[PDB]
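Okay, work.txt now, which holds compact mmCIF, C-alpha atoms and all ligand atoms:
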# COMPACT_ATOMS: atom_id res chain seq x y z
CA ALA A 1 87.71 83.78 56.97
CA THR A 2 86.17 86.09 54.30
CA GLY A 3 84.39 89.20 55.30
CA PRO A 4 81.23 90.50 53.72
CA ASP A 5 83.28 92.88 51.62
CA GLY A 6 85.10 89.86 50.09
CA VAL A 7 88.30 90.53 52.03
CA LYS A 8 90.13 87.50 53.38
CA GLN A 9 90.57 87.74 57.14
CA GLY A 10 93.57 86.30 58.98
CA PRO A 11 94.13 86.05 62.72
CA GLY A 12 93.07 89.17 64.54
CA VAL A 13 90.88 90.33 61.65
CA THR A 14 87.09 90.44 61.81
CA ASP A 15 84.43 92.10 59.70
CA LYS A 16 84.86 95.40 61.64
CA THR A 17 88.32 95.26 63.29
CA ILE A 18 92.01 94.65 62.74
CA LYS A 19 93.83 93.75 65.98
CA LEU A 20 97.53 94.53 66.20
CA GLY A 21 99.91 93.59 69.00
CA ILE A 22 102.42 95.77 70.80
CA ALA A 23 105.10 94.19 73.06
CA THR A 24 107.09 96.95 74.68
CA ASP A 25 108.95 98.08 77.79
CA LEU A 26 106.85 100.35 80.02
CA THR A 27 108.63 99.61 83.30
CA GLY A 28 112.29 98.66 82.79
CA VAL A 29 115.34 100.47 81.52
CA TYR A 30 113.46 101.67 78.41
CA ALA A 31 110.18 102.66 80.17
CA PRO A 32 109.89 106.29 78.97
CA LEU A 33 110.90 105.38 75.38
CA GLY A 34 108.55 102.42 75.20
CA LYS A 35 105.76 104.72 76.40
CA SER A 36 106.56 107.24 73.72
CA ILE A 37 106.74 104.64 70.97
CA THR A 38 103.50 103.03 72.08
CA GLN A 39 101.66 106.32 72.40
CA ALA A 40 102.85 107.49 69.02
CA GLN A 41 101.55 104.30 67.43
CA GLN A 42 98.18 104.82 69.18
CA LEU A 43 98.12 108.42 67.83
CA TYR A 44 98.64 107.19 64.29
CA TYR A 45 95.97 104.45 64.59
CA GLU A 46 93.47 106.94 66.10
CA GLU A 47 94.04 109.31 63.12
CA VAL A 48 93.48 106.37 60.77
CA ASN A 49 90.32 105.29 62.62
CA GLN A 50 88.98 108.84 62.50
CA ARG A 51 89.38 108.61 58.70
CA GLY A 52 87.38 105.33 58.51
CA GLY A 53 89.99 102.73 59.43
CA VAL A 54 91.45 100.34 56.81
CA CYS A 55 89.14 98.38 54.51
CA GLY A 56 86.29 99.77 56.74
CA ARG A 57 87.85 98.15 59.77
CA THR A 58 89.00 99.85 62.96
CA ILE A 59 92.56 99.28 64.13
CA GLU A 60 92.81 98.07 67.77
CA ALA A 61 96.29 97.83 69.26
CA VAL A 62 96.70 95.65 72.31
CA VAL A 63 99.63 96.54 74.49
CA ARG A 64 101.79 94.27 76.63
CA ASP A 65 104.77 95.23 78.84
CA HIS A 66 107.70 92.78 78.87
CA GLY A 67 109.76 95.05 81.14
CA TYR A 68 112.86 94.51 78.94
CA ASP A 69 112.90 90.81 79.83
CA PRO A 70 113.08 88.08 77.11
CA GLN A 71 111.19 85.36 79.00
CA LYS A 72 108.29 87.72 79.63
CA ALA A 73 108.34 88.72 75.94
CA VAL A 74 107.95 85.05 75.01
CA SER A 75 105.03 84.58 77.35
CA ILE A 76 103.46 87.75 75.88
CA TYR A 77 104.06 86.53 72.35
CA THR A 78 102.22 83.29 73.07
CA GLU A 79 99.30 85.29 74.58
CA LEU A 80 99.00 87.45 71.49
CA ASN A 81 99.99 85.29 68.55
CA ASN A 82 96.73 83.62 67.75
CA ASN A 83 94.65 86.86 68.14
CA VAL A 84 96.56 89.68 66.44
CA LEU A 85 97.35 89.98 62.77
CA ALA A 86 100.79 91.59 63.11
CA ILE A 87 103.10 93.10 65.77
CA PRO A 88 104.00 96.63 64.65
CA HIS A 89 106.02 97.38 67.76
CA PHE A 90 108.16 94.80 69.55
CA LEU A 91 110.80 96.53 71.69
CA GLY A 92 114.21 95.04 72.28
CA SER A 93 116.77 92.86 70.50
CA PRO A 94 116.92 89.89 72.88
CA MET A 95 113.16 89.91 73.25
CA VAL A 96 112.47 89.58 69.53
CA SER A 97 115.39 87.05 69.17
CA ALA A 98 113.67 84.82 71.71
CA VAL A 99 110.55 84.57 69.51
CA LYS A 100 112.22 84.66 66.09
CA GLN A 101 111.47 81.00 65.37
CA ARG A 102 107.84 81.41 66.35
CA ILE A 103 107.54 84.60 64.26
CA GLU A 104 108.78 82.67 61.27
CA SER A 105 106.43 79.73 61.87
CA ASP A 106 103.47 82.05 62.48
CA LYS A 107 104.31 84.32 59.50
CA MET A 108 103.96 87.26 61.93
CA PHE A 109 104.87 90.60 60.45
CA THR A 110 106.93 92.21 63.19
CA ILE A 111 108.45 95.67 63.33
CA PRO A 112 110.99 95.79 66.14
CA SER A 113 112.37 98.79 68.01
CA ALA A 114 115.59 96.84 67.94
CA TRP A 115 118.43 97.05 65.47
CA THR A 116 120.58 93.99 65.89
CA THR A 117 121.76 92.12 62.80
CA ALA A 118 120.42 89.06 64.57
CA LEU A 119 116.97 90.13 63.30
CA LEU A 120 117.99 90.36 59.65
CA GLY A 121 117.28 87.38 57.41
CA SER A 122 113.59 86.97 58.18
CA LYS A 123 110.92 87.82 55.62
CA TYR A 124 108.54 88.57 58.47
CA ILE A 125 110.74 90.92 60.51
CA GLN A 126 111.39 94.44 59.28
CA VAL A 127 114.48 95.87 60.86
CA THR A 128 114.05 99.58 60.29
CA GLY A 129 116.85 102.07 59.70
CA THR A 130 120.43 100.92 60.13
CA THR A 131 121.73 98.07 62.23
CA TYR A 132 123.78 98.77 65.32
CA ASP A 133 127.10 97.77 63.77
CA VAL A 134 126.65 100.12 60.85
CA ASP A 135 125.82 102.96 63.27
CA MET A 136 129.09 102.40 65.18
CA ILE A 137 131.09 102.14 61.96
CA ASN A 138 129.65 105.46 60.77
CA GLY A 139 130.10 106.93 64.22
CA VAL A 140 133.75 105.89 64.60
CA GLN A 141 134.51 107.17 61.13
CA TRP A 142 132.90 110.45 62.23
CA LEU A 143 135.02 110.59 65.38
CA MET A 144 138.13 110.24 63.17
CA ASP A 145 136.91 112.75 60.62
CA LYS A 146 136.28 115.24 63.42
CA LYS A 147 139.75 114.63 64.90
CA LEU A 148 138.23 113.46 68.18
CA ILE A 149 140.34 110.33 67.70
CA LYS A 150 143.38 109.53 65.57
CA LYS A 151 145.10 106.43 64.27
CA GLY A 152 146.57 104.42 67.16
CA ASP A 153 143.95 105.60 69.71
CA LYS A 154 141.89 103.34 71.93
CA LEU A 155 138.09 103.08 72.10
CA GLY A 156 136.38 101.82 75.23
CA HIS A 157 132.99 100.30 74.51
CA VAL A 158 130.60 99.64 77.36
CA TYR A 159 127.85 97.39 75.99
CA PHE A 160 124.80 95.41 76.95
CA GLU A 161 125.78 91.76 76.52
CA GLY A 162 124.15 89.92 73.64
CA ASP A 163 122.28 91.03 70.52
CA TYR A 164 122.17 94.79 71.05
CA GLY A 165 125.53 95.68 72.58
CA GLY A 166 127.30 92.85 70.81
CA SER A 167 126.08 94.02 67.42
CA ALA A 168 127.20 97.56 68.15
CA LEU A 169 130.54 96.20 69.35
CA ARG A 170 130.99 94.26 66.14
CA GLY A 171 130.84 97.57 64.27
CA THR A 172 133.27 99.22 66.65
CA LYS A 173 135.77 96.40 66.15
CA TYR A 174 135.43 96.47 62.36
CA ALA A 175 136.04 100.16 62.28
CA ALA A 176 138.97 99.82 64.70
CA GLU A 177 140.61 97.14 62.58
CA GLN A 178 140.19 99.16 59.42
CA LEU A 179 141.29 102.48 60.95
CA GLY A 180 144.14 101.32 63.17
CA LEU A 181 142.46 101.69 66.56
CA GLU A 182 142.52 99.50 69.66
CA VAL A 183 139.31 98.48 71.51
CA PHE A 184 138.78 97.89 75.22
CA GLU A 185 135.53 95.99 75.81
CA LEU A 186 133.30 96.28 78.92
CA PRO A 187 130.22 94.05 78.96
CA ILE A 188 127.31 95.09 81.22
CA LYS A 189 123.75 94.00 81.85
CA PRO A 190 120.60 96.15 81.82
CA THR A 191 120.39 95.66 85.59
CA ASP A 192 123.76 97.40 86.05
CA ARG A 193 122.51 100.80 87.26
CA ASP A 194 125.78 102.37 88.36
CA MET A 195 128.67 102.88 85.94
CA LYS A 196 131.37 103.90 88.37
CA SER A 197 133.44 100.71 88.05
CA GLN A 198 133.19 100.97 84.27
CA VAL A 199 134.41 104.56 84.41
CA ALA A 200 137.31 103.53 86.63
CA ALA A 201 138.25 100.81 84.15
CA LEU A 202 138.02 103.20 81.18
CA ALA A 203 140.32 105.64 82.96
CA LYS A 204 142.81 102.88 83.88
CA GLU A 205 142.94 101.87 80.24
CA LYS A 206 143.54 105.46 79.16
CA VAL A 207 140.93 105.29 76.42
CA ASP A 208 140.57 108.15 73.93
CA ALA A 209 136.85 107.79 73.33
CA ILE A 210 134.02 106.10 75.19
CA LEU A 211 131.29 104.19 73.33
CA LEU A 212 128.07 103.14 75.02
CA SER A 213 125.41 100.66 73.99
CA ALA A 214 122.98 100.73 76.87
CA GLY A 215 119.92 102.68 77.98
CA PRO A 216 119.25 106.10 79.44
CA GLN A 217 120.06 105.19 83.03
CA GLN A 218 123.53 103.89 82.07
CA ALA A 219 124.20 106.93 79.90
CA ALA A 220 123.37 109.34 82.74
CA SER A 221 125.55 107.40 85.18
CA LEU A 222 128.51 106.93 82.86
CA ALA A 223 128.54 110.48 81.52
CA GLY A 224 128.07 112.07 84.92
CA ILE A 225 130.70 109.99 86.65
CA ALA A 226 133.21 110.41 83.79
CA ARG A 227 132.90 114.18 83.81
CA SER A 228 133.07 114.31 87.64
CA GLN A 229 136.42 112.48 87.28
CA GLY A 230 137.78 115.10 84.89
CA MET A 231 137.60 112.79 81.85
CA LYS A 232 137.44 114.72 78.61
CA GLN A 233 137.01 111.90 76.11
CA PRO A 234 134.03 112.14 73.80
CA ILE A 235 131.14 109.77 74.44
CA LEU A 236 129.34 108.12 71.52
CA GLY A 237 126.17 106.18 72.20
CA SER A 238 123.93 103.86 70.33
CA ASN A 239 120.49 105.19 69.47
CA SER A 240 118.70 104.42 72.74
CA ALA A 241 121.41 105.55 75.19
CA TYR A 242 119.48 108.79 76.02
CA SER A 243 116.05 110.10 76.99
CA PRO A 244 115.18 113.78 77.36
CA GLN A 245 114.01 113.09 80.90
CA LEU A 246 117.71 112.88 81.79
CA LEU A 247 117.98 116.64 81.16
CA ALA A 248 115.79 117.25 84.20
CA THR A 249 118.39 115.50 86.37
CA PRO A 250 121.88 116.45 87.44
CA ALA A 251 123.26 114.48 84.47
CA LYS A 252 122.26 117.35 82.17
CA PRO A 253 125.65 119.12 81.98
CA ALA A 254 127.33 115.79 81.17
CA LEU A 255 124.89 115.17 78.33
CA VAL A 256 124.68 118.57 76.54
CA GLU A 257 128.37 118.70 75.73
CA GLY A 258 130.74 115.92 74.73
CA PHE A 259 128.00 113.32 74.30
CA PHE A 260 126.85 112.19 70.89
CA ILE A 261 124.37 109.59 69.65
CA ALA A 262 124.60 107.62 66.40
CA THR A 263 121.11 106.95 65.09
CA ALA A 264 119.30 106.38 61.80
CA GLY A 265 116.30 108.34 63.18
CA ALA A 266 115.80 112.05 62.94
CA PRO A 267 115.14 113.88 66.20
CA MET A 268 111.93 115.99 66.77
CA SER A 269 113.91 119.16 66.05
CA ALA A 270 114.68 118.24 62.45
CA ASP A 271 113.47 120.73 59.84
CA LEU A 272 110.99 118.42 58.12
CA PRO A 273 107.28 119.15 57.64
CA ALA A 274 106.15 115.72 58.83
CA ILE A 275 108.29 116.03 61.97
CA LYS A 276 106.77 119.45 62.81
CA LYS A 277 103.26 118.08 62.20
CA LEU A 278 103.96 115.07 64.43
CA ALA A 279 105.35 117.27 67.19
CA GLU A 280 102.16 119.30 67.17
CA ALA A 281 99.83 116.35 66.94
CA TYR A 282 101.54 114.36 69.68
CA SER A 283 101.85 117.36 72.01
CA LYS A 284 98.12 118.00 71.59
CA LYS A 285 97.15 114.43 72.47
CA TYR A 286 99.74 113.87 75.20
CA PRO A 287 100.60 117.28 76.71
CA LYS A 288 102.38 115.84 79.83
CA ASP A 289 104.68 113.38 78.02
CA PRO A 290 107.82 114.91 76.66
CA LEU A 291 108.53 114.65 72.96
CA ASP A 292 111.48 112.33 72.18
CA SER A 293 112.98 110.30 69.37
CA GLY A 294 110.78 107.33 70.34
CA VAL A 295 107.75 109.36 69.24
CA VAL A 296 109.25 109.51 65.73
CA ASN A 297 110.03 105.80 65.83
CA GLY A 298 106.56 104.77 66.88
CA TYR A 299 104.72 107.01 64.44
CA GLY A 300 106.93 105.64 61.67
CA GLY A 301 106.27 102.03 62.59
CA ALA A 302 102.52 102.65 62.57
CA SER A 303 102.89 104.32 59.18
CA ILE A 304 104.69 101.18 57.84
CA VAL A 305 102.06 98.73 59.04
CA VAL A 306 99.14 100.92 57.84
CA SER A 307 100.69 101.31 54.37
CA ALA A 308 100.93 97.49 54.17
CA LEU A 309 97.41 97.02 55.51
CA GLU A 310 95.99 99.41 52.91
CA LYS A 311 97.74 97.58 50.03
CA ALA A 312 96.65 94.20 51.41
CA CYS A 313 93.07 95.51 51.71
CA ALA A 314 93.10 96.59 48.10
CA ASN A 315 94.14 93.00 47.21
CA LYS A 316 91.22 91.77 49.32
CA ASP A 317 93.73 89.92 51.46
CA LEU A 318 94.08 90.80 55.14
CA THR A 319 95.93 87.56 55.86
CA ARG A 320 99.46 87.25 57.09
CA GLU A 321 100.61 86.29 53.56
CA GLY A 322 98.75 89.25 52.06
CA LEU A 323 100.18 91.64 54.59
CA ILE A 324 103.82 90.64 54.29
CA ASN A 325 103.68 90.62 50.51
CA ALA A 326 102.15 94.14 50.58
CA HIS A 327 104.93 95.30 52.91
CA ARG A 328 107.78 93.64 50.93
CA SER A 329 106.56 95.20 47.67
CA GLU A 330 107.87 98.62 48.81
CA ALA A 331 111.32 99.43 47.45
CA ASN A 332 111.23 103.16 48.15
CA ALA A 333 109.65 104.09 51.46
CA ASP A 334 109.89 107.65 52.75
CA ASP A 335 107.36 108.66 55.38
CA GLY A 336 108.83 112.17 55.62
CA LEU A 337 110.28 111.54 59.06
CA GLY A 338 113.91 111.47 57.99
CA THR A 339 114.73 107.80 57.28
CA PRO A 340 114.02 106.64 53.74
CA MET A 341 114.23 102.83 53.46
CA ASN A 342 113.88 99.90 51.10
CA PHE A 343 111.63 97.05 52.31
CA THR A 344 112.07 94.55 49.43
CA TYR A 345 115.06 92.89 51.03
CA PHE A 346 116.00 91.66 54.43
CA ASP A 347 119.54 90.31 53.91
CA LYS A 348 121.11 93.71 54.65
CA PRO A 349 120.06 96.90 56.42
CA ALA A 350 117.14 98.95 55.08
CA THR A 351 119.52 101.92 54.95
CA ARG A 352 123.15 102.61 55.94
CA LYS A 353 122.73 106.31 56.71
CA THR A 354 123.39 107.41 60.29
CA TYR A 355 122.81 110.81 61.92
CA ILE A 356 124.96 112.06 64.74
CA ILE A 357 122.74 113.86 67.29
CA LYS A 358 123.36 115.37 70.71
CA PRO A 359 121.17 116.11 73.72
CA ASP A 360 119.92 119.75 73.87
CA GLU A 361 117.48 121.09 76.36
CA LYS A 362 116.61 123.96 73.99
CA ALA A 363 115.44 121.69 71.19
CA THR A 364 112.16 120.04 70.40
CA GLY A 365 112.47 116.42 71.47
CA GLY A 366 115.55 117.11 73.59
CA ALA A 367 118.11 116.58 70.82
CA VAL A 368 119.57 118.28 67.74
CA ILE A 369 121.36 117.05 64.63
CA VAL A 370 125.12 117.47 64.77
CA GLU A 371 125.79 115.56 61.53
CA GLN A 372 123.17 115.04 58.88
CA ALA A 373 122.62 111.39 57.97
CA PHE A 374 125.55 109.90 56.10
CA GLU A 375 126.89 106.59 54.85
CA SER A 376 130.62 106.27 55.19
CA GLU A 377 132.54 104.26 52.61
CA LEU A 378 133.64 102.21 55.52
CA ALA A 379 130.04 101.30 56.32
CA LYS A 380 129.09 100.90 52.67
CA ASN A 381 131.71 98.15 52.11
CA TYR A 382 131.22 96.39 55.45
CA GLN A 383 129.74 92.90 55.36
CA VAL A 384 126.64 92.90 57.50
CA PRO A 385 125.91 89.53 59.15
CA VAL A 386 122.47 88.07 58.57
CA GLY A 387 120.60 86.62 61.54
CA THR A 388 123.58 86.61 63.89
CA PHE A 389 126.04 89.18 65.30
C1 LIG B 1 114.82 104.76 62.21
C2 LIG B 1 115.14 103.77 63.32
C3 LIG B 1 116.06 104.32 64.42
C4 LIG B 1 115.26 105.06 65.47
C5 LIG B 1 115.85 105.13 66.87
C6 LIG B 1 114.97 105.88 67.91
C7 LIG B 1 115.33 105.45 69.38
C8 LIG B 1 114.02 105.01 70.09
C9 LIG B 1 114.21 104.30 71.41
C10 LIG B 1 114.33 102.80 71.33
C11 LIG B 1 114.21 102.05 72.65
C12 LIG B 1 114.56 100.56 72.45
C13 LIG B 1 115.97 100.12 72.67
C14 LIG B 1 116.18 98.66 72.34
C15 LIG B 1 117.67 98.17 72.63
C16 LIG B 1 117.80 96.78 72.05
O1 LIG B 1 118.01 96.67 70.81
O2 LIG B 1 117.56 95.82 72.82

Whole structure, structure tokens version:
Amino acid sequence: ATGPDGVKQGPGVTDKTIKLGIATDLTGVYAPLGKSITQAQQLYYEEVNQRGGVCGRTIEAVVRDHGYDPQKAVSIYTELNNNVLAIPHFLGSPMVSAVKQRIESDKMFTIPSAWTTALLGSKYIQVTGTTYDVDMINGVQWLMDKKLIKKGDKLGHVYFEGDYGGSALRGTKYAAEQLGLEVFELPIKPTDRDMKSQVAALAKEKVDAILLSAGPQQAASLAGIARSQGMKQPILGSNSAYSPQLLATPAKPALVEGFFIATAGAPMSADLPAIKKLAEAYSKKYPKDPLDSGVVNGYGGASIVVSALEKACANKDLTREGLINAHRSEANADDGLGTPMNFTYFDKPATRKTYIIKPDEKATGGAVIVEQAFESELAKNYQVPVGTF
């Protein structure tokens, strides 16, 4: 329990090692993005280890694949929880929801790649960036500002049922109420591979804009089918409704025009020194794995946990209490990757600024900024739910 350097050691911490857990999707709908996130975290931890680790201890990240399935995530959580100090990458809103009570009981610092409001309200869970609702509020306001929609128009929102799509949808509906828009709602599951019935329904409803809270496979299908039907409505996706791999498929033309993504994260093409450095470092380590916005997300999550570990080390306290208090002492985080945040609270989003990006085969990371990160008044005044959607 206390190392020979006088540092208190919690679960997963020995005299020479700090074990961290990663619960991701390597095989399901988010496979290429979970790979990128996971590899970017490993890149960060390797760089740290090369510089002597933390508190003289090497960081070891153990990786489990839940396949974007909540029951498997639970099983994985119970296999890791007594033997890792923290979980700096846990992919997926329903997956982390399923273990929220255990996280709280265990005092497990968890950094999801998941942005539901259902994960707010826990000291131990850092929801990074914006929440999904705030991204759709910003995004709908942007559609109106850009005259892609007007008062009285109808939005069709295709969404993964539950925490992720439902949170996004909450934002859509708030914006629609405030702005005088109608909403047509289309729930889907991650196992729905083919969007042609959804496209048919969107067309029947004569929507003016199409919103999507799903993964890359659904985005390719929906965009491709819509454009093959002559639909000209803009498409606005949540932050994970795209991977650059899709540009190497016939969906490309339906993604590089008329398709936008609302996200708190900067793409790999942003003109920031830390982004350029990351692009070079990641490309060097993993030459065969395309750069994507998951790389940014994973490197950033690793940066968050390491910052907290270093502060906890300096307090001679690599326990779960020491770690969370180190993390929650940071009111002004800015890792240089394009998403400044405040970590001292957890009853509201860490930021309310959303970028609009689009797919671009010419750009580093397969995407470019269309609108620099902004917080609409609409989003600023919105009441964000805490621990539910
Ligand atoms: C700064 C934070 C926003 C960064 C967004 C980068 C997108 C990376 C890909 C994420 C894949 C995971 C999707 C999870 C969907 C869900 O919430 O269940």

Need the neighbours of (96.0, 105.8, 66.8): which residues are at most 12 Å away, counting only C-alpha atoms, as a compact mmCIF listing (two decimals) with C-alpha atoms, in the coordinates of the input?
# COMPACT_ATOMS: atom_id res chain seq x y z
CA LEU A 20 97.53 94.53 66.20
CA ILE A 37 106.74 104.64 70.97
CA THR A 38 103.50 103.03 72.08
CA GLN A 39 101.66 106.32 72.40
CA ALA A 40 102.85 107.49 69.02
CA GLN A 41 101.55 104.30 67.43
CA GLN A 42 98.18 104.82 69.18
CA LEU A 43 98.12 108.42 67.83
CA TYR A 44 98.64 107.19 64.29
CA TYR A 45 95.97 104.45 64.59
CA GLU A 46 93.47 106.94 66.10
CA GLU A 47 94.04 109.31 63.12
CA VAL A 48 93.48 106.37 60.77
CA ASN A 49 90.32 105.29 62.62
CA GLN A 50 88.98 108.84 62.50
CA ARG A 51 89.38 108.61 58.70
CA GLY A 52 87.38 105.33 58.51
CA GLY A 53 89.99 102.73 59.43
CA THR A 58 89.00 99.85 62.96
CA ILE A 59 92.56 99.28 64.13
CA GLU A 60 92.81 98.07 67.77
CA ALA A 61 96.29 97.83 69.26
CA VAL A 62 96.70 95.65 72.31
CA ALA A 281 99.83 116.35 66.94
CA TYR A 282 101.54 114.36 69.68
CA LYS A 285 97.15 114.43 72.47
CA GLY A 298 106.56 104.77 66.88
CA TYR A 299 104.72 107.01 64.44
CA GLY A 301 106.27 102.03 62.59
CA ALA A 302 102.52 102.65 62.57
CA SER A 303 102.89 104.32 59.18
CA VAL A 306 99.14 100.92 57.84

### Message
Considering all atoms listed in the file, can you say which of A:233, A:193, A:117, A:176 comes closest to residue 162 in chain A?
### Response
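Looking at the shortest contact to residue 162 in chain A, the residue is A:117.
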
### Message
Calculated over only C-alpha atoms and all ligand atoms, which of the candidates A:268, A:256, A:279, A:63 has the smallest distance to ligand LIG 1 (chain B)?
### Response
A:268

### Between CA of residue 347 in chain A and CA of residue 238 in chain A - distance in Å to one decimal
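Spanning CA of residue 238 in chain A to CA of residue 347 in chain A is a straight-line distance of 21.7 Å.
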
### Message
Using all atoms listed in the file, list the residues that have an atom at most 7 Å from (136.0, 96.2, 69.2), coordinates as in the file, as a PyMOL selection string.
### Response
chain A and resi 169-170+172-174+176+183-185

List as a PDB file with C-alpha atoms, in the frame of the given file the protein and nucleic acid residues lying within 8 Å of ligand LIG 1 (chain B), with all atoms listed in the file counted.
ATOM      1  CA  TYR A  30     113.460 101.670  78.410  1.00  0.00           C
ATOM      2  CA  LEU A  33     110.900 105.380  75.380  1.00  0.00           C
ATOM      3  CA  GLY A  34     108.550 102.420  75.200  1.00  0.00           C
ATOM      4  CA  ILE A  37     106.740 104.640  70.970  1.00  0.00           C
ATOM      5  CA  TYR A  68     112.860  94.510  78.940  1.00  0.00           C
ATOM      6  CA  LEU A  91     110.800  96.530  71.690  1.00  0.00           C
ATOM      7  CA  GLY A  92     114.210  95.040  72.280  1.00  0.00           C
ATOM      8  CA  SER A  93     116.770  92.860  70.500  1.00  0.00           C
ATOM      9  CA  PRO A  94     116.920  89.890  72.880  1.00  0.00           C
ATOM     10  CA  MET A  95     113.160  89.910  73.250  1.00  0.00           C
ATOM     11  CA  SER A 113     112.370  98.790  68.010  1.00  0.00           C
ATOM     12  CA  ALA A 114     115.590  96.840  67.940  1.00  0.00           C
ATOM     13  CA  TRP A 115     118.430  97.050  65.470  1.00  0.00           C
ATOM     14  CA  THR A 116     120.580  93.990  65.890  1.00  0.00           C
ATOM     15  CA  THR A 128     114.050  99.580  60.290  1.00  0.00           C
ATOM     16  CA  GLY A 129     116.850 102.070  59.700  1.00  0.00           C
ATOM     17  CA  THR A 130     120.430 100.920  60.130  1.00  0.00           C
ATOM     18  CA  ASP A 163     122.280  91.030  70.520  1.00  0.00           C
ATOM     19  CA  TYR A 164     122.170  94.790  71.050  1.00  0.00           C
ATOM     20  CA  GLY A 165     125.530  95.680  72.580  1.00  0.00           C
ATOM     21  CA  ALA A 214     122.980 100.730  76.870  1.00  0.00           C
ATOM     22  CA  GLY A 215     119.920 102.680  77.980  1.00  0.00           C
ATOM     23  CA  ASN A 239     120.490 105.190  69.470  1.00  0.00           C
ATOM     24  CA  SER A 240     118.700 104.420  72.740  1.00  0.00           C
ATOM     25  CA  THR A 263     121.110 106.950  65.090  1.00  0.00           C
ATOM     26  CA  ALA A 264     119.300 106.380  61.800  1.00  0.00           C
ATOM     27  CA  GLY A 265     116.300 108.340  63.180  1.00  0.00           C
ATOM     28  CA  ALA A 266     115.800 112.050  62.940  1.00  0.00           C
ATOM     29  CA  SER A 293     112.980 110.300  69.370  1.00  0.00           C
ATOM     30  CA  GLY A 294     110.780 107.330  70.340  1.00  0.00           C
ATOM     31  CA  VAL A 295     107.750 109.360  69.240  1.00  0.00           C
ATOM     32  CA  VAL A 296     109.250 109.510  65.730  1.00  0.00           C
ATOM     33  CA  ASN A 297     110.030 105.800  65.830  1.00  0.00           C
ATOM     34  CA  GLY A 300     106.930 105.640  61.670  1.00  0.00           C
ATOM     35  CA  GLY A 338     113.910 111.470  57.990  1.00  0.00           C
ATOM     36  CA  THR A 339     114.730 107.800  57.280  1.00  0.00           C
TER      37      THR A 339
END

### Task
Between CA of residue 353 in chain A and CA of residue 373 in chain A, measure the distance and give it in Å to one decimal.
5.2 Å

How would range 263-273 of chain A look with N, CA, C and O atoms restored, written as an mmCIF file, keeping the file's coordinate frame?
data_model
loop_
_atom_site.group_PDB
_atom_site.id
_atom_site.type_symbol
_atom_site.label_atom_id
_atom_site.label_comp_id
_atom_site.auth_asym_id
_atom_site.auth_seq_id
_atom_site.Cartn_x
_atom_site.Cartn_y
_atom_site.Cartn_z
ATOM 1 N N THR A 263 122.446 107.453 65.277
ATOM 2 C CA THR A 263 121.110 106.950 65.090
ATOM 3 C C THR A 263 120.644 107.167 63.667
ATOM 4 O O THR A 263 120.935 108.216 63.082
ATOM 5 N N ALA A 264 119.905 106.217 63.106
ATOM 6 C CA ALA A 264 119.300 106.380 61.800
ATOM 7 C C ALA A 264 118.058 107.278 61.831
ATOM 8 O O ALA A 264 117.564 107.651 60.788
ATOM 9 N N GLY A 265 117.528 107.563 63.032
ATOM 10 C CA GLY A 265 116.300 108.340 63.180
ATOM 11 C C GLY A 265 116.543 109.819 63.399
ATOM 12 O O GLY A 265 117.427 110.213 64.139
ATOM 13 N N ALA A 266 115.723 110.626 62.741
ATOM 14 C CA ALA A 266 115.800 112.050 62.940
ATOM 15 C C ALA A 266 115.178 112.415 64.312
ATOM 16 O O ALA A 266 114.202 111.780 64.732
ATOM 17 N N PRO A 267 115.764 113.400 64.987
ATOM 18 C CA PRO A 267 115.140 113.880 66.200
ATOM 19 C C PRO A 267 113.935 114.813 65.882
ATOM 20 O O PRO A 267 113.753 115.250 64.750
ATOM 21 N N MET A 268 113.156 115.155 66.911
ATOM 22 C CA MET A 268 111.930 115.990 66.770
ATOM 23 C C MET A 268 112.220 117.419 66.401
ATOM 24 O O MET A 268 111.295 118.168 66.114
ATOM 25 N N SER A 269 113.465 117.842 66.450
ATOM 26 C CA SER A 269 113.910 119.160 66.050
ATOM 27 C C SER A 269 114.291 119.281 64.593
ATOM 28 O O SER A 269 114.597 120.357 64.113
ATOM 29 N N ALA A 270 114.296 118.166 63.858
ATOM 30 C CA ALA A 270 114.680 118.240 62.450
ATOM 31 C C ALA A 270 113.713 119.118 61.652
ATOM 32 O O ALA A 270 112.506 119.072 61.861
ATOM 33 N N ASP A 271 114.259 119.783 60.655
ATOM 34 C CA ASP A 271 113.470 120.730 59.840
ATOM 35 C C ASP A 271 112.799 119.962 58.707
ATOM 36 O O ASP A 271 113.207 120.055 57.547
ATOM 37 N N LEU A 272 111.780 119.194 59.061
ATOM 38 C CA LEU A 272 110.990 118.420 58.120
ATOM 39 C C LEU A 272 109.517 118.648 58.424
ATOM 40 O O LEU A 272 109.120 118.568 59.560
ATOM 41 N N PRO A 273 108.706 118.870 57.386
ATOM 42 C CA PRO A 273 107.280 119.150 57.640
ATOM 43 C C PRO A 273 106.556 118.055 58.404
ATOM 44 O O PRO A 273 105.772 118.339 59.305
#
